[PDB]
2 protein chains.
Amino acid sequence: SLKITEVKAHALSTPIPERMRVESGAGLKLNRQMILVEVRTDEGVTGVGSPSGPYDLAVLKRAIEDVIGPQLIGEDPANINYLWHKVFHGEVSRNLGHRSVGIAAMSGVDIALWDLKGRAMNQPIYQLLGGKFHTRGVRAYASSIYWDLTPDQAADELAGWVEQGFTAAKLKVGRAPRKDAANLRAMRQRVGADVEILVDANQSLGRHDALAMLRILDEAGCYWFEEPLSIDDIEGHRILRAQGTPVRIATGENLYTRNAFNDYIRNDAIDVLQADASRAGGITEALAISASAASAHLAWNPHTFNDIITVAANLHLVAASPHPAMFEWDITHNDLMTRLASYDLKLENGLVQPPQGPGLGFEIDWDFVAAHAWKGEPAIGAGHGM
Amino acid sequence: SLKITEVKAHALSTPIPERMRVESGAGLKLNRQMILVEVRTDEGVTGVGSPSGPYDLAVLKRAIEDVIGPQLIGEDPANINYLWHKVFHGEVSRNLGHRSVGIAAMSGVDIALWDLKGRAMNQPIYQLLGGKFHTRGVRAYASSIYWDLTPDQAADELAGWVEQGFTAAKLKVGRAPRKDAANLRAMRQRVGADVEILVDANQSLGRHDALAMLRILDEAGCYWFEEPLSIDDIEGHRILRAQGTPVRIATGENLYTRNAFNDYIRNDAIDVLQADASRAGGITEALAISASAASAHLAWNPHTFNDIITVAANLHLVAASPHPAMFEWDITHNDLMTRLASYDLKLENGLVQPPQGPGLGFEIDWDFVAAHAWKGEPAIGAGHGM
Ligand SMILES: O=C(O)[C@@H](O)[C@H](O)[C@@H](O)C(=O)O
Ligand SMILES: [Mg+2]
Ligand SMILES: [Mg+2]
Ligand SMILES: [Mg+2]
Ligand SMILES: [Mg+2]
């Protein structure tokens, strides 16, 4: 058996050309950042992970190295299940908060343990998880068309992503619902019925404006309505779902652990659970959430948006899961999606395949890592919701 | 009008002699720690606060100075309501997590803004809040008799607090329910019916063991059963409450914002909301939670346990609130209760009075602060629940 010797958190920042910054309810993007988690062992088998973002990099680094890390040093990394609970009950729930950046931190470490396990076994993570369900590949969507566009421009951008091979894409909404509606109408007219259009309000709407928008989304045949409301308003989501439209009510990037999703399910408040393996507790926790969605006859389609590691970690699980595929793929300017690792976007008939190597299944460019150390740059401007 | 110039977070640690270290489901106490928040203005009016604990001090310091702080610099501190929302929607909810150490961090800053406001106005916080309801003083309880005692020892400790003037005290339970039961029985026999006995399991029990223990709490006429279960199991709390006993089901030190408590209320799952002004969002947020409890014909009795600032902040609110008083007073070894400030425990006929000075109502001993800089010591050993 191996023993964990170090838990490291590398803070990384990559720039965004001013014109390529995009804004949603989450704020105006400034620099694409991440923590690259590195778990080392006595025999030199290493796993890597990411706790997603945007979350302050110093907060993440401290939580990972100095709160979670000490619970892992000296432990057999093979006992991922034991270690999840040791960390959650020993430190994170009480001492970082039960639905928190500490849970995202745990997630990054958990992903690294799964990567380590796959590397030790010389198997891709999806093989450990029972192998593929989606044997031919996983249907992806282009994430996302952001604010600050006219309707013709939104339609142009959608048509562009479709030309690149995407069969689905997402639109950010929430600031100016009349403009959002005009954008959606133009988008649908441009591409026709065979392209799925998803909408994401980043918690920007109140209940009544969300009900008004849902009518529009229904008219436009939208696939889902993501974060239509504050994630704190469970009943509001039930109200939207109770309208009985074919538009799925989706949320989950900002909800943590299976406990959050259980509360939504018990209140008939969710169609699509979007728990991200890199945020909601780890691969370990996302597995449980995906299963719980299926038990309730609901869907799990994770949020994946931060870096190529968060994408890859979720993709292993999605490939292995019988849930209908609607796999988030960040198409915005992001060096962490292109230059961090050897795994790249490749669409065939609208589908992507999980990485095929051991663990997460690709190689990290450590020269790139060394050249992009964080120097205190901000990731994102102030969010909305006031 | 003033302008905020600096938001500082002083990391402090104070030791606990070996024999004085107590253990509960939250862990074995090692050092009593805090962040002392200091908000400065251009005209030299300063407010202080605390975001409670245990939470990692470096995580807190970074969140306060470098995540929350930048949203405050240059702002008029008088607009506490505006600033709460600027911070929550701008940064904390999404970028630190909606039920998180970030919320505790916000709470410390919010308390400091209220302290600053009171100092600027030359009024105690309770006067701003509409003045006293509890004009004669606030009934307190001794917090707490911890694990590791025999029944005779538990009864003697309780009798000791009664001799000191307390009309109520709390017992920690959950590791060995048969011993817990024996302790309670001995305690009740010793003091008779006129002393309130509270019980706190620190999330240690599952549903069936909690139902079994509730029968014994009922037999012993206990006032409340605090954190009987994981705070993530709302339905389990409903089950306990549905037994219809005179024992109140209490939770809240580990639940964040009014949203958590609304979910408990909507599920008929809570009798006593324990939202702490220094954890759950601030004085601003605790005010709303207290009001919401009253609207639902339930009680708000805050958790207050970390330092004299968290005690004082809650006491101003409790003094002003019509809720029946059951005010938590940390009687364990804690230099942050005795040496940080000029305000101390003064029990008269079982009651305490809020500080009478401006703002929080006492002065900080800055020499003590300077002499107790954190040097990386841990606050608490691994918690339980696994
Ligand atoms: O000592 C402990 O068990 C905790 O740190 C406290 O917060 C406790 O739950 C309480 O109600 O004051
Ligand atoms: Mg567990
Ligand atoms: Mg989203
Ligand atoms: Mg608000
Ligand atoms: Mg407690």
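Each answer follows from the model by the rule given with it, or from the source it names; none is laboratory data. Cβ placement follows ideal geometry from the backbone for every residue including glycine, while neighbour counts extend to all protein chains displayed.
Within segment A:163-183, can one find any residue that is touching a helix residue (DSSP H, G or I) at 6+ places or on another chain (Cβ under 9 Å), in a helix (DSSP H, G or I), of a type in the set (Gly, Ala, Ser) and over 25 Å from A:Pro324 (Cβ atoms)? Checked against the condition, which is being touching a helix residue (DSSP H, G or I) at 6+ places or on another chain (Cβ under 9 Å), in a helix (DSSP H, G or I), of a type in the set (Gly, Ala, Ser) and over 25 Å from A:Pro324 (Cβ atoms), segment A:163-183 yields at least one hit. Could you tell me whether any residue of segment B:82-99 is away from ligand 5 (no atom under 16 Å from the Cβ), over 23 Å from B:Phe368 (Cβ atoms), surrounded by fewer than 24 Cβ atoms within 10 Å (Cβ to Cβ) and of a type in the set (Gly, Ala, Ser)? Yes: segment B:82-99 contains one or more residues that are away from ligand 5 (no atom under 16 Å from the Cβ), over 23 Å from B:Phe368 (Cβ atoms), surrounded by fewer than 24 Cβ atoms within 10 Å (Cβ to Cβ) and of a type in the set (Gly, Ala, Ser). Filtering A:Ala319, A:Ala299, A:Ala269, A:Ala294 for residues that are surrounded by fewer than 20 Cβ atoms within 10 Å (Cβ to Cβ), over 19 Å from A:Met106 (Cβ atoms) and away from ligand 1 (no atom under 16 Å from the Cβ) leaves a single hit, A:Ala294. Total residues in segment B:231-257 satisfying the condition of being outside any helix (DSSP H, G or I), of a type outside the set (A, V, I, L, M, F, W, C) and more than 23 Å from the chain's Cα centre (by Cα): the figure is 4.
I'm told B:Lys346 meets every condition in (1) over 18 Å from B:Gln274 (Cβ atoms); (2) in contact (Cβ under 8 Å) with a residue 24 or more places away in the chain except one. Can you identify the failing condition by its number? Tallying (1) over 18 Å from B:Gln274 (Cβ atoms); (2) in contact (Cβ under 8 Å) with a residue 24 or more places away in the chain, B:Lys346 fails exactly one: (2).
Considering B:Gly357, B:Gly350, B:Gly282, B:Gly361, the condition of being farther than 20 Å from B:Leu129 by Cα, more than 14 Å from every other protein chain (Cβ to nearest Cβ) and either away from ligand 5 (no atom under 16 Å from the Cβ) or out of contact with any helix residue (DSSP H, G or I) (no Cβ under 9 Å at 6 or more places or on another chain) (or both) is satisfied by B:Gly350 alone. When the test is whether a residue is touching a strand residue (DSSP E or B) at 6+ places or on another chain (Cβ under 6 Å), within 16 Å of ligand 1 (Cβ to nearest atom) and of a type outside the set (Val, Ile, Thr), A:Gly97 passes it. Using the structure shown, decide if B:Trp147 is within 30 Å of B:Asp218 (Cβ to Cβ), part of a helix (DSSP H, G or I), touching a residue at least 40 places away in the same chain (Cβ under 8 Å) and away from ligand 4 (no atom under 16 Å from the Cβ). No; evaluated as a whole, the condition is false for this residue. Could you list, in sequence order, all residues of segment B:301-338 that are assigned to a loop (DSSP other than H, G, I, E, B) and in contact with a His (Cβ under 7 Å, 6 or more places away or on another chain)? The answer is B:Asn301, B:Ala325.
The residues listed here are A:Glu65, A:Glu75, A:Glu91; of these, the one that is away from chain B (no Cβ under 11 Å) and more than 17 Å from A:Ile308 (Cβ to Cβ) is A:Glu75.
The residue of segment A:166-193 that is farthest from A:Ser204 (Cα to Cα), among those that are within 16 Å of ligand 3 (Cβ to nearest atom) and either among the polar types (S, T, N, Q) or buried (at least 21 other Cβ atoms within 10 Å of the Cβ) (or both), is A:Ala168. Applying the criterion of being in contact (Cβ under 8 Å) with a residue 12 or more places away in the chain, away from every other protein chain (no Cβ under 14 Å) and of a type in the set (S, T, N, Q) to the residues of segment B:292-332, the residue that is farthest from ligand 2 (Cβ to nearest atom) is B:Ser321.
From the list A:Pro77, A:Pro70, the lone residue that is assigned by CATH to the domain that holds A:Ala371, in contact with a strand residue (DSSP E or B) (Cβ under 9 Å, 6 or more places away or on another chain) and touching a residue at least 12 places away in the same chain (Cβ under 8 Å) is A:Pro77. Among the residues of segment B:339-386, the one identified as within 16 Å of B:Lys29 (Cβ to Cβ) and not in a loop (DSSP other than H, G, I, E, B) is B:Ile380. All conditions but one from (1) in contact with a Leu (Cβ under 7 Å, 6 or more places away or on another chain); (2) more than 14 Å from chain A (Cβ to nearest Cβ); (3) within 16 Å of ligand 4 (Cβ to nearest atom) apply to B:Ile289; the one that does not is (2).
Rundown of residues vs (1) in the same structural domain as A:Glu163 (by CATH); (2) surrounded by fewer than 18 Cβ atoms within 10 Å (Cβ to Cβ), yes/no style:
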site	(1), (2)
A:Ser278	yes, no
A:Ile283	yes, no
A:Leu287	yes, no
A:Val311	yes, no
A:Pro324	yes, yes
A:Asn334	yes, no
A:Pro358	yes, no
A:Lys375	no, yes
A:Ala379	no, no
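In the set B:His237, B:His208, only one residue is buried (at least 24 other Cβ atoms within 10 Å of the Cβ) and either in contact with a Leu (Cβ under 6 Å, 6 or more places away or on another chain) or on the phi < 0 side of the Ramachandran plot (or both); that residue is B:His237. Being crowded, with 24+ Cβ neighbours inside 10 Å, in a loop (DSSP other than H, G, I, E, B), within 16 Å of ligand 4 (Cβ to nearest atom) and within 14 Å of chain A (Cβ to nearest Cβ) is a property that does not hold for B:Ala260.
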